[PDB]
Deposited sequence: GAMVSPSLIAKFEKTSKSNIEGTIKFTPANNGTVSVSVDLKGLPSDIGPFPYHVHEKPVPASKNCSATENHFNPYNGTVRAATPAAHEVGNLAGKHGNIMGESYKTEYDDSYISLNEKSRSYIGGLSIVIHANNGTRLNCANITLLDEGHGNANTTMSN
């Protein structure tokens, strides 16, 4: 299944910028790479989750609606609750890599995260920035390059 990326951009609403990248891993897991800067540290730590609807053109993070949620152990967390399972983002800059065995890159899979969104929150729940989850590579198919 194809890899995905969420690209966060700085605006008057937020200085958070960088990427979260999702690549398929061998043992039924997805490799997640987070590379973010510009975080407002003193209002963190920062939960982040996959939400159920796209970020619209207005960049209103509230319009992504709720968590993609289709605890004392990782599987008991919401699927989209990346932060609950793997750690809140924290600091002014944050770079980390981990495997998640609950999200899916398979179009035909129920836990597919393509076409959804990620929201980064302040610790109090306020939504700070958000990005759509889109294809990481432009060229696909078994006779193509990229």
Counting from residue 1 of the deposited sequence, where are the gaps with no C-alpha coordinates?
1-4, 75-80, 157-159
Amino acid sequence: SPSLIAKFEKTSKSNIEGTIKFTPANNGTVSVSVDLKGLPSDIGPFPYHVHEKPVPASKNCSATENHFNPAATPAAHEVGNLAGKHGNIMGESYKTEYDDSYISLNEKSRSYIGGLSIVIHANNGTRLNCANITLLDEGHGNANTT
From here on, numbers count along this sequence of modelled residues.
Between the two ranges 39-47 and 113-121, the one averaging a larger CA B factor in the entry
39-47
Taking the deposited Cα B-factors and averaging over 30-38 and over 82-90, the higher mean is found in 82-90
B-factor third for the C-alpha atom of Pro54 within its chain
middle
Looking at the entry's B-factor column for C-alpha atoms only, identify whether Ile103 ranks in the lowest, middle or highest third of its chain.
middle
When the modelled residues of the chain are sorted by Cα temperature factor, does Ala25 land in the lowest, middle or highest third?
highest
Ranked C-alpha temperature factor of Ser62 among modelled chain residues, by third
middle
